[PDB]
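Coordinate inspection notes
Read off the chains here:
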Amino acid sequence: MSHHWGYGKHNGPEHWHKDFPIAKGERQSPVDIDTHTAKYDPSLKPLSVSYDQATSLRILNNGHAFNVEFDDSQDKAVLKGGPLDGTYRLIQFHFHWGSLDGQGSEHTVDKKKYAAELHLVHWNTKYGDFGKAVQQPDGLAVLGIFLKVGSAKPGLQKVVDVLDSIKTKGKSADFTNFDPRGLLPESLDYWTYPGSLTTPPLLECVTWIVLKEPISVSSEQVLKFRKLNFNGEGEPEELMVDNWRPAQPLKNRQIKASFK
Ligand SMILES: NC(=O)OCc1ccccc1
Ligand SMILES: [Zn+2]
C-alpha cells in the first residue's frame, strides 16, 4: 500500500534499489541471452506445458501491466519438465512492451530487444500457495515468450478487445474461458537460468524458461496495449508504455539451452 515504484524518470528501474536492495542482488532478471555462450544441456528433460484445463477468471490493470488471472485452486494448467523438479501451477500471465516496436522486451537476445515479452507465471505446488512459493529459490517458473510485430496473433485478439474496459489502474473485468495455448509459438526450444521477479519486490525465486521462437502480433494489436494507462481513473493520463526493466548483470550464472 506504500509502494511508489514505477517506470518513470523519477521512480524507474534505476531507483528501485533504494526500497528493494535485492535489486543489486546475485540473481536478478532480466538478462541478456548471449546465444553463442549459452550451452546446450543434455541433462534437460522435455518441457511439458499442459494448458488444456486452464480456466481464466479475470483481467486486471494493476498500474504496471495487465494480468490475466487463472483459477489455481486445483491442479489444472501446469508446467513441468525441462529444468524443473516438480509441478508448477499457472496463476497469471502478463506482458511488458514498449512505446516503439524496437523496444519492450525485458530479456534480450544478443542485445536485441523485441517489441514485447509475455510472462506466464507458475508456482511450485510443493510450497502450497503462491505467497509461500515466492519465498523459495525454486518457488516460481516463468515462461517467457518474445513478441515481434508482423502478422496478427489470432489467439491474442480476445485480450486486445477487452483492454478498453480496464484502461486505468485498479480496473478489472471478467475474463473467462481464455485459452493460453493460443499464445504459444510452434517450438518449445528454450534457454533457462535462475533469476528473479523483474518488478519489485524483485524476489530471487524464479526459474526462467525463455522460448527461442517469438510469436508475431500485429501493429494494431500492440498499439492497443499502448493505449492503456499507468494512472487511475480521473488522474493525469500517462500511457502504459515501456513497462520493462533493462538487462541486469549475469554475475555467477550460466544460461543453458535446451537445443542444438
Ligand atoms: N515480471 C515478472 O517477474 O513476472 C514474473 C512474476 C512472478 C510473480 C509475480 C509477479 C511477476
Ligand atoms: Zn513480467
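Residues numbered from 1 in each chain as written, not as in the entry; some residues may be left out. Chains lettered and ligands numbered in written order. Heavy atoms only, no water.

Structure determination for the deposited model, as stated in its record, used X-ray crystallography, and the stated resolution is 1.4600 Å.

The condition that has to hold: UniProt positions are given in the numbering used here, feature names are shortened, and annotations may be inferred rather than shown by experiment.
The chain appears in the PDB entry as Carbonic anhydrase 2 from Homo sapiens. The title attached to this entry in the PDB is "HUMAN CARBONIC ANHYDRASE II IN COMPLEX WITH BENZYL CARBAMATE". Its UniProt record, at the heading Subunit (literature references left out), says of the chain: "Interacts with SLC4A4. Interaction with SLC4A7 regulates SLC4A7 transporter activity. Interacts with SLC26A6 isoform 4 (via C-terminus cytoplasmic domain)." On record in UniProt, under Sequence similarities, the comment for the chain is "Belongs to the alpha-carbonic anhydrase family."

Structural notes on the overall build of the chain
Here is the rule: Put simply, DSSP marks the helices as runs of H or I at least four residues long and the strands as runs of E at least two long, and each gets a number from the N terminus on. Throughout, the radius of gyration refers to the C-alpha atoms, and the reference size of a globule is 2.2 Å times the residue count to the power 0.38. Accessibility here uses a 1.4 Å probe with only protein chains present; expressed as a share of the type maximum, an area under 20% marks a residue as buried, one over 50% as exposed, and anything in between as partly exposed. In this description, contact between two residues means that some pair of their heavy atoms is separated by no more than 4.5 Å. In short, Shrake-Rupley with a 1.4 Å probe defines the accessible areas, and a residue's cover is counted only from the protein chains shown. Working convention for charge: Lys and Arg count positive, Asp and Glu count negative, and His plus the chain ends are omitted. Throughout, a charge is located at the NZ atom of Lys, the CZ atom of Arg, the CG atom of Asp or the CD atom of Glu.
Within the chain, the regular secondary structure consists of 3 helices and 15 strands. Radius of gyration (C-alpha) of the chain: 17 Å, near the 18 Å computed for a compact globule of 260 residues. Its C-alpha atoms give the chain principal-axis dimensions of roughly 55 × 40 × 40 Å. A buried classification covers 52% of the 260 residues belonging to the chain. Of the contacts made within the chain by residues no fewer than 6 positions apart, 71% connect residues no fewer than 24 positions apart. Of the roughly 12,200 Å² of accessible surface on the chain, a fraction of 49% belongs to carbon and sulfur atoms. In the chain, the 31 positive side-chain charges and the 32 negative ones have mean positions that sit 3 Å from each other.

Points about the site of ligand 1
Let me state the cut-off plainly: Consider each residue's heavy atoms; a residue with any of them within 4 Å of a molecule or strand counts as near. The definition of a polar contact used here is a pair of N or O atoms within 3.5 Å, where within protein one atom must be able to donate a hydrogen and the other to accept one, and adjacent residues in sequence count solely through side-chain atom pairs.
Around ligand 1, the surrounding shell consists of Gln92, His94, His96, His119, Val121, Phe130, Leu140, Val142, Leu197, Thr198 and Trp208. Within the side chain of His119, one N or O atom sits 3.3 Å away from a nitrogen atom of ligand 1. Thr198 has a polar backbone atom sitting 2.7 Å from an oxygen atom of ligand 1. Contact with the protein chains removes 90% of the 300 Å² of surface that ligand 1 exposes when unbound.

Observations concerning the nonpolar core
The condition that has to hold: Joining through side-chain atoms within 4.5 Å is the link that ties buried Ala, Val, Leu, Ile, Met, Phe, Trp, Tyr and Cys residues into a set, and such a set is a nonpolar core.
With 50 residues, the main nonpolar core has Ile59, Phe66, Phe93, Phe95, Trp97, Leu120 and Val159 as its most contacted residues. When sequence neighbours within four positions are dropped, the list of residues in contact with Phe95 reads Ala65, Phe66, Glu117, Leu118, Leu147, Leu156, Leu183, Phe225 and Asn243. Of all hydrophobic cores here, the second largest spans 23 residues; its members include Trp123, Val134, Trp191 and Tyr193.

Some points on the coordination of the zinc ion (ligand 2)
The test is simple: Coordinating donors are taken as N, O and S atoms within 2.8 Å of the metal, stretched to 3.2 Å for Na, K and Ca; because water is absent from the atoms, sites can appear incomplete. Under this scheme a four-donor centre is tetrahedral when all angles range from 85 to 135 degrees, a four-donor centre is square planar and a six-donor centre octahedral when opposite donors are above 155 degrees with the rest from 65 to 115, and any other centre is irregular.
The zinc ion (ligand 2) binds to the protein through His94 (NE2), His96 (NE2) and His119 (ND1), with metal-donor distances spanning 2.0 Å. Taken together, the 4 donor atoms coordinating the zinc ion (ligand 2) and their angles of 98 to 114° define a geometry best described as tetrahedral. Going along the chain, you hit the donors of the zinc ion (ligand 2) in the pattern H-x1-H-x22-H. In terms of burial, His94 and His96 fall into one category: buried.

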